[PDB]
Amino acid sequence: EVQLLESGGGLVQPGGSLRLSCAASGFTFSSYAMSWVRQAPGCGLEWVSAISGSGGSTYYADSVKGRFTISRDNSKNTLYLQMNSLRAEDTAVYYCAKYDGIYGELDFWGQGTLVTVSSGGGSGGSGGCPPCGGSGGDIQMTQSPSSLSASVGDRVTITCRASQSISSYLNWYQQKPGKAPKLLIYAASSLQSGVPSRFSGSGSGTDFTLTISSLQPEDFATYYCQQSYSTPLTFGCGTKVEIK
C-alpha cells in the first residue's frame, strides 16, 4: 500500500507559523515529485506548492510565495511545508499528493490535516472561497455545469475547458464529502487502476469530457478536472452531481 500521512494542523494566530509534514511509505520516495494541495472549508481544490524528486526545484502559487517553503528529506521519506506569516485566508485542509512524472496526475493523496488561522474576531477575514479555476497568469479551467441533478442509471457528462491547449495532460478526480480526492482519469482518457469501467474521459487541446455511463448511488459526489500541463497546476471549480 502507498501511504501518505500528514501531521501538523491546528489553530494558529494570524502572523504565526506552522510546519506541516507528510510521511511517505510503500513506494520509492525520491522517484516522485510531490505536491501540497489545500481546500478551504466548503470550497474547491487549490494547488499550493510542488517539489521535484531531488528537491532541487520548487514551485509555489503566487499567494504563498515567500511565506511558504516546501522541502523534502529523501533519507527520511518525509515532505514538509513551512508556513510563515499565516493569514485567515490560509484556513484550509492541506493534502500532500504524489505526482507522476510522465502525465502529471496526482495519483495518491494523503488524508489531509486542518489548519485554522483565526484570532476569534470573526470568520470573514478568511475571504470565503478563493477564486476557483485559476488566477493571474494561470491556465484557467472552466468546468461545466457547476451542479446537476440526475438519478441512478443515467448517463452524465461533465465538461472542462482550458484557456490554452494542454494536449492530453488533463486529470479528473472524485471527492466525496469529508474525504480526500481520488484520481479517476489521467492523460485525458486513461483509467487509474481500480477505477470502475463506467467512468470514461475524452478530449485533447482545450475541451474535455468526463462521462459516467450509468450513475450508481456511490457516484453522487463532486468531480474536479485539473490540468497538469504547466505550473501552477489548476483545478476546475468542480461539478456537484446530486440526486433529483
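Start at 1 and count along the sequence shown; that's the residue number.
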Given 172-180 and 30-38, the range whose Cα B-factors average higher in the PDB entry: 172-180
statement: Ranked by mean Cα B-factor in the entry, 140-148 and 89-97, top stretch is 140-148
query: Whose C-alpha has the highest temperature factor in the PDB entry: 123, 84, 74, 165?
result: 123
query: In the PDB entry, which of 45, 215, 185, 50 has its C-alpha at the highest B-factor?
result: 215
message: For the chain shown, is the CA B-factor of residue 70 in the lowest, middle or highest third of its modelled residues?
response: lowest
task: Determine, from the deposited record, the chain-internal third of the Cα B-factor for residue 229: lowest, middle or highest.
output: middle
- prompt: Considering only modelled residues of the same chain, in which third does the CA B-factor of residue 129 rank: lowest, middle or highest?
  reply: highest
query: In terms of the CA temperature factor given in the entry, to which third of its chain does residue 58 belong: lowest, middle or highest?
result: lowest
- request: Going by the recorded CA B-factors, say which third of the chain residue 117 sits in, lowest, middle or highest.
  value: lowest
